[PDB]
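Numbering (the numbering used here), first residue to last: 2 to 529. We treat Cβ as the ideally placed atom computed from N, Cα and C, and that holds for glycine.
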Amino acid sequence: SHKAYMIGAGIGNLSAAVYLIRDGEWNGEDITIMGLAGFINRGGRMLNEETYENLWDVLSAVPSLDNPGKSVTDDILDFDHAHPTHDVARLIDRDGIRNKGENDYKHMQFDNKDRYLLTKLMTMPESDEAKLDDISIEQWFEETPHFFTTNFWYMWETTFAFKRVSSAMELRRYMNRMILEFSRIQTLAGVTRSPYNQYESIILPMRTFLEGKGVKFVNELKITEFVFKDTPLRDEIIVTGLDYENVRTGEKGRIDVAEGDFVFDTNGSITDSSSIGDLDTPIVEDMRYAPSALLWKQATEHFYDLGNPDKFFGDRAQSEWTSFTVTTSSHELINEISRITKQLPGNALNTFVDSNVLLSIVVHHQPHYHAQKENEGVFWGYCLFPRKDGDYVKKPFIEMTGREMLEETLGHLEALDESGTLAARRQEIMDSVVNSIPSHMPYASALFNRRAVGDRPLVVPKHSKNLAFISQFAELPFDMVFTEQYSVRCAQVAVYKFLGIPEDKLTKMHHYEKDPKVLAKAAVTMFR
Ligand SMILES: [Mg+2]
């Protein structure tokens, strides 16, 4: 019987397994998936019910582990509909919340130059994307630096963790795929949240369902090299073996990939080489090159049409940022944040636009984890300039302990709090801390690095017989690479191609950017 081998266990390969089982009528036994106090916020943070067509469809076949008779899609949408989002303190500067006045976050704050360039970028056809090769956002708006002082830039860069040195291609894809969210970017009312963090709300329901269908899960094997069959013209990609190392025993070997078996590789991950600290210990930067990209980099030693992984994993300056998760033993700290920001938990992130490190925090709906106790509260924060000094803790953010990161956050919170109450309650706040876990990710935004078309392999390269790339570093049209939808889409493309399902059966994506009314509203929104 035909077999499938997944290298990486993220949502992309899991969705491939789902597609194989549901639409290809495979047996789970034929699929092998190979991966490797206080909470840590792992996983994707957003979704969008108007987009993510593939994700909702895959997740409509995974049962909820919490609610009998509900699919994971049902869980997620039922929750979100009952917890609508309206960000209030989206932007916070040294004077207060940009809720009102001249800097009101309803104002994009665009030039006429800013709208001209932004409209040119937005209206460039998909077929012309290569014209943007290696052009950063900084470069495309080189003539109008005023852009990088607007509300829109502050909101857009922090919403997705984009840098100005990053690829202008995605900003274009945003303005087309996410066009509907343009008019509501400041309230983030279009964001769709799952009840808990997505590892618990999405990943484990998926693994459980797959495990129940027979899929084999392996986590001791480091796949070390592809083994390709040679051909006279050397175009075809035919994987014949997977060289492995067992990281616990030390055994090495080769798994034979027979004729009719398929291989799914996740060529790179935004969490590769990440490291962790705790309340009193700063991170130690893992200097190793992205381990999940090594199979990819090695295949380029044999084939010429597979891209340049160094574009994505060779420039940490483009890709790195740092986050942290706070756990408290009482609701007090969350109550204080909720009061100072004029916002109930679960209403999207709050960005301190005048902070030196560009710090944002997110307070989720509580609880965010299944093992969260009734008395416990959790929130999450990150900065986009981890090398810069903190405003209140005057050392580089990336060198801070988890405590120091909270202290730097409180400083900004206290600065916005006129009552002075939070600062007064400092000792009690800190005593309530279970942990504050810093989390450094050198490739966190590597999927946004400056890129040229062709720097990423096709999901199924033009002459690949049985190798597919399912990742945020494979080439797919239209979709935003930030979204979990991207990897789910790669999976359907790969599975349907390998199985012979024609592309008109692929899941149909919404094209709001060709509805004239949508464009009209988008055009008007430019002047808001
Ligand atoms: Mg919605």
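Output the distance between the C-alpha atoms of residue i and residue j, rounded to the nearest integer angstrom.
i, j, result
"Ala475", "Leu459", "6 Å"
"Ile136", "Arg194", "32 Å"
"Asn309", "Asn49", "31 Å"
"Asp262", "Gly215", "17 Å"
"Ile138", "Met510", "26 Å"
"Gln493", "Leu37", "23 Å"
"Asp505", "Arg165", "37 Å"
"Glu51", "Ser128", "24 Å"
"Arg317", "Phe80", "37 Å"
"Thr145", "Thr250", "58 Å"
"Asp273", "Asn450", "15 Å"
"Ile471", "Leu295", "15 Å"
"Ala521", "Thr124", "13 Å"
"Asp31", "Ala5", "6 Å"
"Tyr305", "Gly315", "19 Å"
"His365", "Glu333", "15 Å"
"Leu280", "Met431", "11 Å"
Which residues bound the beta strand (DSSP E) around residue i?
i, result
"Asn49", "Looking at the DSSP string, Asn49 is not in any beta strand (DSSP E), and its letter there is neither H nor E."
"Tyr245", "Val240 to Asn247"
"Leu468", "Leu468 to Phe470"
"residue 551", "Only positions 2 to 529 of the chain appear in the structure, and residue 551 is not among them; the question remains open."
"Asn351", "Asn351 to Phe353"
"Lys223", "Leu222 to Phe229"
"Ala5", "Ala5 to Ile8"
Quick check on the DSSP output: the alpha helix (DSSP H) that includes residue i runs from which residue to which?
i, result
"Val494", "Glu485 to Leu500"
"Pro206", "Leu205 to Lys214"
"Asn152", "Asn152 to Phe161"
"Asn336", "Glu333 to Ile341"
"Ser16", "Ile12 to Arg23"
"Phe183", "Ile180 to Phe183"
What is the DSSP secondary structure of residue i, counted as helix, strand or coil?
i, result
"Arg174", "helix"
"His441", "strand"
"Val435", "strand"
"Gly29", "helix"
"residue 602", "Here the chain has residues from 2 to 529 only, and residue 602 is not among them."
"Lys253", "strand"
"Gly382", "strand"
"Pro146", "helix"
"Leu56", "helix"
"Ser65", "coil"
"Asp505", "helix"
"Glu237", "coil"
"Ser202", "helix"
"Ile41", "coil"
"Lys395", "coil"
"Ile138", "helix"
"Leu189", "coil"
"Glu514", "helix"
"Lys522", "helix"
"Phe474", "coil"
Start-end ranges of the beta strand (DSSP E) lying completely within the region 67 to 132, minimum 3 residues | Counting whole runs of 3 or more residues, the region 67 to 132 contains the beta strand (DSSP E) stretches 92 to 94.
If we count Cβ pairs, one from each stretch, closer than 8 Å, do we get three or more for the region 203 to 210 versus the region 56 to 66?
-> Yes: at least three Cβ pairs fall under 8 Å.
Runs of alpha helix (DSSP H) wholly within the region 282 to 330 (minimum 4 residues, chain order) = Segments of the alpha helix (DSSP H) lying fully in the region 282 to 330: 295 to 300, 311 to 314 and 317 to 320.
The region 30 to 47 contacting the region 325 to 342, beta-carbon criterion three pairs below 8 Å | Between the region 30 to 47 and the region 325 to 342, the count of C-beta pairs closer than 8 Å reaches three or more; the two stretches touch.
Segment contact, 8 Å Cβ cut-off, at least three pairs: the region 239 to 255 with the region 219 to 228 = When Cβ pairs closer than 8 Å are counted between the two stretches, the region 239 to 255 is seen to touch the region 219 to 228, the count reaching three or more.
Inter-stretch contact (C-beta, 8 Å, three-pair minimum) for the region 386 to 393 and the region 407 to 423 | Here the region 386 to 393 lies against the region 407 to 423, with 3 or more beta-carbon pairs under 8 Å apart.
At least three beta-carbon pairs within less than 8 Å, the region 340 to 360 to the region 475 to 487 = Touching, no, given that fewer than three Cβ pairs across the two stretches are closer than 8 Å.
Should the region 372 to 389 be called in touch with the region 464 to 472, which here means at least 3 C-beta pairs below 8 Å?
-> No contact exists between the region 372 to 389 and the region 464 to 472.
Do the region 516 to 527 and the region 484 to 498 meet, that is, are 3 or more Cβ pairs less than 8 Å apart?
-> With a cut-off of 8 Å, the region 484 to 498 and the region 516 to 527 do not count as touching, because too few Cβ pairs lie within range.
Enumerate, from N- to C-terminal direction, the unbroken beta strand (DSSP E) stretches of 3 or more residues contained entirely within the region 401 to 432.
-> None, since the region 401 to 432 contains no complete beta strand (DSSP E) of that length.
Using 8 Å as the threshold, is the region 86 to 99 in touch with the region 67 to 76, meaning 3 or more CB pairs across them?
-> Result no; under three Cβ-Cβ pairs closer than 8 Å.
Sufficient close CB pairs (3 or more, under 8 Å) joining the region 347 to 354 to the region 289 to 296 | The region 347 to 354 is not in contact with the region 289 to 296.
Counting pairs of Cβ atoms below 8 Å between the region 414 to 422 and the region 431 to 446, do you hit three or more?
-> Contact fails: fewer than three Cβ-Cβ distances are below 8 Å.
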